[PDB]
Amino acid sequence: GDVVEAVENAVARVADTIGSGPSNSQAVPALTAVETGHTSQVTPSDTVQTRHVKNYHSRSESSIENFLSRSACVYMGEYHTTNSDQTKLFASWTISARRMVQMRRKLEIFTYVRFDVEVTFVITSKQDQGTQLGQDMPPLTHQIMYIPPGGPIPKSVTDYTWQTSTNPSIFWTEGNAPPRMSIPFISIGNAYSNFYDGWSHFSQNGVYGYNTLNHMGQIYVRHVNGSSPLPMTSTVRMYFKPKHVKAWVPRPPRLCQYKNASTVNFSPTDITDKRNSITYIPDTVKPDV
Amino acid sequence: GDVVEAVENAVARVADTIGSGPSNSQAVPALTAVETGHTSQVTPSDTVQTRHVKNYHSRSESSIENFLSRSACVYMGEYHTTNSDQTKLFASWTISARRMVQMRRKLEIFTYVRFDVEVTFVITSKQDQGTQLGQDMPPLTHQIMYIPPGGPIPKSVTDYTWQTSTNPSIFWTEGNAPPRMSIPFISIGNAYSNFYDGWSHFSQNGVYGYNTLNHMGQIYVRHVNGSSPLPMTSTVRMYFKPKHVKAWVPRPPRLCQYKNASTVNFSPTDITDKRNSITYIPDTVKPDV
Amino acid sequence: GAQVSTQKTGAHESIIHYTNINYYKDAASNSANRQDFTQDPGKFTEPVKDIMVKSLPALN
Amino acid sequence: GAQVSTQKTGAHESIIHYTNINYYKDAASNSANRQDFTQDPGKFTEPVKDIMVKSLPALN
Amino acid sequence: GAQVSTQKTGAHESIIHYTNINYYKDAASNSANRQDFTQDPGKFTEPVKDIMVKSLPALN
Amino acid sequence: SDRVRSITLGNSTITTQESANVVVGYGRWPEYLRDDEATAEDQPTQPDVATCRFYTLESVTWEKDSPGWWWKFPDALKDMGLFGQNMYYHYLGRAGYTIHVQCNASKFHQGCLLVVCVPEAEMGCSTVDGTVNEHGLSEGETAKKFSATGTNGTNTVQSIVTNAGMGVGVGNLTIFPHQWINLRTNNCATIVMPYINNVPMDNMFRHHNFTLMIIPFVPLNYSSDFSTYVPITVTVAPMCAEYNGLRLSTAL
Amino acid sequence: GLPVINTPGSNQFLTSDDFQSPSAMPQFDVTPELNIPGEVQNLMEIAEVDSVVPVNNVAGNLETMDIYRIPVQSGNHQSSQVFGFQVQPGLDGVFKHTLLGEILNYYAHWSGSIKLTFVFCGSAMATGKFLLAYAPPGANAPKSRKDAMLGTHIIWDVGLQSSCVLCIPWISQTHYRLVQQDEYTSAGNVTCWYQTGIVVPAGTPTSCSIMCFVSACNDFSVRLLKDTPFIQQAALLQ
Amino acid sequence: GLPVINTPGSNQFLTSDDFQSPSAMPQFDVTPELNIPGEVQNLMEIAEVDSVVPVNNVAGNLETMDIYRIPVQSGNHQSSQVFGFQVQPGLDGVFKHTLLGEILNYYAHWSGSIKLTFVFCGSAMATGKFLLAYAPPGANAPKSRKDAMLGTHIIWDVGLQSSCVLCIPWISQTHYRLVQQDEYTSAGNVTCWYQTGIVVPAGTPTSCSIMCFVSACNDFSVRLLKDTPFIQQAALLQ
Amino acid sequence: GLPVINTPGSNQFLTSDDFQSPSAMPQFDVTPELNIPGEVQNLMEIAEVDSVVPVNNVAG
Ligand SMILES: NCCCCCCCCCCCC(=O)O
Ligand SMILES: NCCCCCCCCCCCC(=O)O
């Protein structure tokens, strides 16, 4: 069907257990050759006598759409209402889903993915700690601005650049529902690439990996009231919920912890946990030993 | 019919009183044998002369759906905006309807129940008492996160775990309507079991009762602004409204008070209240004695 | 694609109905079935094989 | 110009559907396709040319 | 499944009506019947058996 | 008369010349598990006659002051012939039962017993903040005894009849399948219980599907009635027993 | 943007509201329904079942099986009334913790006829006739059999049919009575008397017990949900 | 203005909600779709693929290719059990980091039959028969071949067909088991024994390895999404 | 999400408004209506009834 539509029937039922009786033949379903690279299609009924079971179990929650389509925090940063640093008056990062692991490991199960994204922002502010704490600051209004690669970059909370005549921006005031919007599949290519065993330069050097393929611009966020007698500080959290998904060439789930955002680097890590012996099976069922 | 649908006609009328006159026969409706385990089906017209009454009374409000389908507090806890304990910075419990009695006694009238649940949360915050009370804290935004059994558990208000790439979470800001959502029938079994005269271990030991059957995960809730110059404290209250209900094998209503959440334990308690004598009937109707 | 059914009757012996549309993809999201009123006391008050006519002795 | 399709079935073995209308000009704005359930394990579990009947030897 | 009826006429001697849909399951939730205008003074001003024609004496 | 009655299961037959009726579950006769209700996929064993027949448990004595007695159920039949053997060898089991409580006295004796099958009779501890024992719960055949006063002791069930070990009003145990044995009119009680649980099958050692309680409400009494010995005997017969998940036998 | 006005009520949380809500688990595949015996559908199904009435709820019997036994005996005791009690199904000790009573306590209004089944538990050789009377409100409880027989009553003959049913027909000025009954919604009393003493042959006990069961008839209903007075707590971990 | 009431839930942000939202890039022309090989559609497609089980996850093998080798040998070792392990696909070390295991860890419930494929990697001149047994829960692990053969099992004859499949049929009281398994949702164990020792001609190695692969059958499904225990971080720039 | 604009008046409480509202007692079975004599329908029915005028409303 069309993977852009918000409706589409059909139950995802698993297989019924076919009733099976005794057998004496040359059929040898339980004997295969794993060398071929084929995974055996044996079901219980091929190796034991089974009853018939009408199975209603469905695989609805393990569909790629339902697995990825849940908002995940992919970034968080702070900025102050007032400070001497100018820089600390606004936040900015470079769009990517590589800075928070949960989301990253989920995506990295697939080599390529294509999708629209529902972005939701959760912004909070707190009054900074100090000796004098009394003030009456009106509601804070924030501005989130997206700068596609190549656009002029803000240099202060009051730069002309925040005019957003063309960059898309969101103005939001505290106390209301978190801001939200959909972004289409924005790639230069036919699918976003999660891994790239390649370089940026033709001479097989330059930058290696995911980074050379990125370049989706950055986000800048600042307060608009711009002031507060006493210092305050806000935290902006951004969430991604992919929707209308397509994925290709699955790969094993990341086993070693991530070391940084630009690389696939890792330290050698254990295949799994140890146990006492290759025959160790704990004894449950005892008058409690 | 289909017990998942929000509409379905038919009046639940009680029985009309059939008009009855004088009788002299071998009919002996008022004489039965209670030993059979059968409850007599006698109506007024079988034992006295009755007029005819067209009765319009309906049993609508005593249908299982209307009896259980009202939000009930099933839990309440506190957490602080700021403290030295880290632990006191977020709240967490294990889902169950066994910690508040009203709801519990209602459910326990049935041995098994099956239903979807409408969960509504009421969150409130107060400023803690102290010598200095002046501050200007922006609106508090909370995060409620559900952790199905087996998911990683938060260890501080700033644990990576709150990224909820997959656990479902709710972000809500004070002043708005209480947060709410529906949860489907989530059991591993065919009906939630309210009583279990059994064990967890096959050797007839381990844990006894309701608990071995539970395991529906837990809830964690924390503030997101994370700060406040002066200490504040919030209370989270969770309400359950079962809907789309089915119930089986009714049992007597709990008579003795509940002693704890994990057991059915009780102290011996009176069958009912005493009165003076087996013939005592107070005299109303007197020029006031 | 909506449904119209009748309201529970109030303060008096066509405008006595309402309309509803479901906006969610899961049945769990729907409202309660407060209008279904079946009943079967028998399971409990009379679970005896051998039908007791009771107007007759019940023993004998 | 709306669409009616069925809800995912819940707590029981016509009012089991919902209606939806799209209010935006871009497909990106639409909700997720949580109801599409296709499947093709073959790409991965059995990418062998020469069909393996497996009830037969697999070699020989 | 809605109802259309007329509005109370205002500031002048088709667009003089409104539409309503009931969203609740109980009649109690409905709005008031501000448009019902019956009347029967008789119960009170003339509860005499023996019809008084009054253009005639009333006694005699 | 309809007081007369006979029942045959396997190589066994019961008779009464003074029955009331026969109570059937919640109106449901036992049935074998249907394909559209099953999860365990292996072929079941259905021993039939070898297993679905009358087993008689050790009798108890009704004394002028007996508070009552109880038995937990799949456990209790665990040593009864092939029904028990099939229990030991399988992970999952399912069965219904015909329960026949017998108690005869004389036209000059009097007393009244409530005979009930309580599904899922989770019991409370004597020590309020302690937990029970499997021993405090059941002793197989034999039978635990209710008590006329509050009990103490760690692990034992708080057994004052008055609260039926469950924290309710004993006089309300009638919402459960039951019959009464009123000596003046009746000499036995018969209840057919269907399998009741929130899963299609279950392990028979780990879970007591239901408890049989015999509680005298009007006490035994008589005169120079050279019969002071009035026993009560419980005979039960599994119905439609089927088992799944065969392997080595469970550790006693 | 479609024009809208928020009405009073917006943003409130009413315990008994009834709206749709987003599911936090989109497309969850619920486990298949299983046909368990004993499905309950209306609490009245429970109230229609007999349960034993603690008629002898006298001080000292509150925790013993006696509270359920009505004492009756051989010899001349006619003047002696066997028992009596008010008809307040949801309020008087005799009924409140009954199956019918516990249910009534989750509601504020009730209406309907009630069945009182009396079962004789003496020896089979015992004999006797009793008069079971119900008096609608307006006068004080009958103080003699003469006064009691002027109201609704059955004369019960002990025989092979061990049980007798006294049905209390619904007689009231109003369609409903408060479960928390007051004098305005009074329902009267039922009293019991020897109609002709208990006679017995030699060698049999000269005293026995009569038990009493209560249940609702099919014209019975309840309204206006409320919490029960019967359950409470001082703190959580309940 | 059309009359409206806001219901509880208004203005909340539920992670798993599913609503329409304005696009911040009106009319953006997305790049054409390209038909890439290997499209995945349901995580179960991955769980249905065999992956190598680290059966020999003994201390000291945690980072060496041995953890994947089950040691077997010539000579008399019948009494000696070849291996054994619990059937907790999402929890026990033997399975949790498997393709099937990693997937199960993103869910809280599972159900279905499992395939265990065993492949013999000795010389072609090697010979032998093994007994592969699965015991449903309720007793302790078989301690001898006698006890093991009383449960579900195949007798595997090493030959030209290098591999043998032991399928673990779904046998459970419940339709589902917790991935975070407890005793209540126990699934039993599988153990392996020499059915008739490994015989070999002269000039060939007297010991070899057997490998074990796991994969889900077609009656397998999972429910209730949750985060994995397996990945974490102490700070951003992740 | 369907696009909406709140108009002046939103959230006010006008004494004489006339809107639907959720019932706090879903499915309550109201007691049957009874035909009582003397039903009033418009206050004018009362004003149309003679009443005695205190014409001699003099001090004292
Ligand atoms: N104001 C929001 C700007 C959003 C642009 C987001 C582009 C997200 C692309 C998702 C990329 C994930 C990946 O590399 O797989
Ligand atoms: N964020 C809400 C998570 C809700 C899961 C609730 C599951 C409720 C199950 C109701 C159980 C009641 C019973 O044991 O009978």
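Would you check which residues across the range F:71-108 are among the aromatic types (F, W, Y) and away from chain H (no Cβ under 14 Å) and list them? Within the range F:71-108, F:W71, F:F73, F:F83, F:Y97, F:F108 meet the criteria. From the list B:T233, B:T166, B:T212, B:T161, the one residue that fits, being under 26 Å from the mean Cα position of the chain (by Cα) and of a type in the set (S, T, N, Q), is B:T212. Restricted to the range B:181-196, and to residues that are near ligand 2 (Cβ under 10 Å from one of its atoms), of a type outside the set (S, T, Y) and within 7 Å of chain G (Cβ to nearest Cβ), which residue is farthest from A:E174 (Cα to Cα)? Checking each candidate, the answer is B:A191.
Here F:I214 meets each of (1) within 30 Å of G:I210 (Cβ to Cβ); (2) assigned to a loop (DSSP other than H, G, I, E, B) with one exception, condition (2).
Can you find a residue in the range A:215-234 that is at the interface with chain H (Cβ under 9 Å from one of its Cβ atoms), within 11 Å of ligand 1 (Cβ to nearest atom), aliphatic (A, V, I, L, M) and surrounded by fewer than 19 Cβ atoms within 10 Å (Cβ to Cβ)? The answer is no, given that none of the residues of the range A:215-234 is at the interface with chain H (Cβ under 9 Å from one of its Cβ atoms), within 11 Å of ligand 1 (Cβ to nearest atom), aliphatic (A, V, I, L, M) and surrounded by fewer than 19 Cβ atoms within 10 Å (Cβ to Cβ).
With assigned to a loop (DSSP other than H, G, I, E, B), in contact with a strand residue (DSSP E or B) (Cβ under 7 Å, 6 or more places away or on another chain) and polar (S, T, N, Q) as the only criterion, which of A:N190, A:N176, A:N167 stands out?
Numbers: A:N190 fails: in contact with a strand residue (DSSP E or B) (Cβ under 7 Å, 6 or more places away or on another chain); A:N176 fails: in contact with a strand residue (DSSP E or B) (Cβ under 7 Å, 6 or more places away or on another chain).
Only one candidate qualifies: A:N167.
Using the structure shown, decide if A:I186 is within 16 Å of ligand 1 (Cβ to nearest atom) and over 30 Å from A:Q127 (Cβ atoms). Steps first, answer last, please.
Details: within 16 Å of ligand 1 (Cβ to nearest atom): yes; over 30 Å from A:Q127 (Cβ atoms): yes.
Yes: the conditions hold for A:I186.
Among the residues making up the range F:123-149, those that are of a type outside the set (K, R) and in contact with a helix residue (DSSP H, G or I) (Cβ under 9 Å, 6 or more places away or on another chain) are F:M123, F:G124, F:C125, F:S126, F:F146, F:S147, F:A148. Within the range G:82-132, the set of residues being in contact with a helix residue (DSSP H, G or I) (Cβ under 8 Å, 6 or more places away or on another chain), at the interface with chain B (Cβ under 10 Å from one of its Cβ atoms) and more than 30 Å from B:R105 (Cα to Cα) comprises G:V119 only.
Of the set (1) more than 30 Å from H:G112 (Cα to Cα); (2) surrounded by fewer than 17 Cβ atoms within 10 Å (Cβ to Cβ), all apply to F:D48 but (1). Scanning the range C:13-42 for residues that are more than 8 Å from chain B (Cβ to nearest Cβ), more than 30 Å from E:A32 (Cβ to Cβ) and buried (at least 22 other Cβ atoms within 10 Å of the Cβ) yields one hit, C:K25. Apart from one condition, A:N205 fits all of (1) part of a loop (DSSP other than H, G, I, E, B); (2) under 26 Å from A:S69 (Cα atoms); (3) among the polar types (S, T, N, Q); the exception is (2).
Screening A:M137 on (1) within 13 Å of ligand 1 (Cβ to nearest atom); (2) among the aliphatic types (A, V, I, L, M); (3) assigned to a loop (DSSP other than H, G, I, E, B) shows it passes everything except condition (1).
Condition check for B:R275 on (1) within 16 Å of ligand 2 (Cβ to nearest atom); (2) within 30 Å of G:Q181 (Cβ to Cβ): one failure, at (1). Taken over the range B:204-223, the residue count meeting the criterion of being away from ligand 2 (no atom under 11 Å from the Cβ) and under 24 Å from B:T235 (Cβ atoms) is 2. For the range G:10-57, filtered to residues that are more than 17 Å from B:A247 (Cα to Cα) and not in a loop (DSSP other than H, G, I, E, B), the residue that is nearest to ligand 2 (Cβ to nearest atom) is G:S23.
Take the residues in the range B:92-118 that are assigned to a strand (DSSP E or B) and among the β-branched types (V, I, T), then tell me which one is farthest from B:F67 (Cα to Cα). Talk me through it step by step, then tell me what you get.
Keep residues of the range B:92-118 that are assigned to a strand (DSSP E or B), which gives B:92-94, B:110-118.
So of that shortlist, the ones also among the β-branched types (V, I, T) come out as B:94, B:111, B:113, B:117.
Working: B:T94: 25, B:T111: 16, B:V113: 13, B:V117: 14 Å.
If we take residues in the range B:92-118 being assigned to a strand (DSSP E or B) and among the β-branched types (V, I, T), then B:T94 is farthest from B:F67 (Cα to Cα).
A single entry from B:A10, B:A72, B:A30 fulfils the requirement of being closer than 30 Å to F:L113 by Cβ and either of a type in the set (A, V, I, L, M) or surrounded by fewer than 21 Cβ atoms within 10 Å (Cβ to Cβ) (or both): B:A30.
Listed here are the residues, each with its yes/no results for (1) closer than 29 Å to H:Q20 by Cβ; (2) facing chain G (nearest Cβ under 8 Å).
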residue: I:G1; (1), (2): yes, no
residue: I:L14; (1), (2): no, no
residue: I:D17; (1), (2): no, yes
residue: I:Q27; (1), (2): no, no
residue: I:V30; (1), (2): no, no
residue: I:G38; (1), (2): no, no
residue: I:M44; (1), (2): no, no
residue: I:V53; (1), (2): no, no
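In the condition set (1) within 16 Å of ligand 1 (Cβ to nearest atom); (2) in a loop (DSSP other than H, G, I, E, B); (3) at the interface with another protein chain (Cβ under 9 Å from one of its Cβ atoms), A:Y146 is compliant with all but (2).
Among the residues of the range A:56-69, some residue qualifies, meaning at least one is within 16 Å of ligand 2 (Cβ to nearest atom) and not in a loop (DSSP other than H, G, I, E, B).
Output yes when any residue across the range B:90-105 is over 26 Å from B:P253 (Cβ atoms), more than 12 Å from ligand 2 (Cβ to nearest atom), charged (D, E, K, R) and out of contact with any helix residue (DSSP H, G or I) (no Cβ under 9 Å at 6 or more places or on another chain), and no when none is. There is no residue in the range B:90-105 that is over 26 Å from B:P253 (Cβ atoms), more than 12 Å from ligand 2 (Cβ to nearest atom), charged (D, E, K, R) and out of contact with any helix residue (DSSP H, G or I) (no Cβ under 9 Å at 6 or more places or on another chain).
Out of curiosity, is A:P178 more than 12 Å from ligand 1 (Cβ to nearest atom), surrounded by 18 or more Cβ atoms within 10 Å (Cβ to Cβ) and under 26 Å from D:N30 (Cα atoms)? Steps first, answer last, please.
Details: more than 12 Å from ligand 1 (Cβ to nearest atom): yes; surrounded by 18 or more Cβ atoms within 10 Å (Cβ to Cβ): yes; under 26 Å from D:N30 (Cα atoms): yes.
The answer is yes for A:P178.
Count of the range H:185-204 residues, restricted to those that are under 31 Å from the mean Cα position of the chain (by Cα) and assigned to a loop (DSSP other than H, G, I, E, B), is 3. Residue-level analysis places G:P37 outside the set of residues that are touching a helix residue (DSSP H, G or I) at 6+ places or on another chain (Cβ under 9 Å), crowded, with 16+ Cβ neighbours inside 10 Å and either farther than 30 Å from F:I175 by Cα or acidic (D, E) (or both). Of note, A:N260 satisfies the criterion of being more than 22 Å from A:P168 (Cβ to Cβ), within 14 Å of chain H (Cβ to nearest Cβ) and either in a loop (DSSP other than H, G, I, E, B) or among the acidic types (D, E) (or both).
Which of the residues belonging to the range E:7-60 are among the aromatic types (F, W, Y) and assigned to a loop (DSSP other than H, G, I, E, B)?
Once the filter is applied, which keeps residues that are among the aromatic types (F, W, Y) and assigned to a loop (DSSP other than H, G, I, E, B), the range E:7-60 yields E:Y23, E:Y24, E:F37, E:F44.
Taking the range A:85-113 as the range and being near ligand 1 (Cβ under 9 Å from one of its atoms) and of a type in the set (S, T, Y) as the test, the residues that pass are A:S96, A:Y112.
Can you go through B:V249, B:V245 and tell me which one is among the hydrophobic types (A, V, I, L, M, F, W, C), more than 14 Å from chain F (Cβ to nearest Cβ), within 24 Å of C:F44 (Cα to Cα) and crowded, with 20+ Cβ neighbours inside 10 Å?
On the way: B:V249 fails: more than 14 Å from chain F (Cβ to nearest Cβ).
From the options B:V249, B:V245, the qualifying one is B:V245.
Values quoted throughout were computed directly from the atomic coordinates according to the rules given, and no laboratory measurement underlies them. Every residue, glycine as well, gets a Cβ built from its backbone with ideal geometry; the counts of neighbours run over all protein chains shown.
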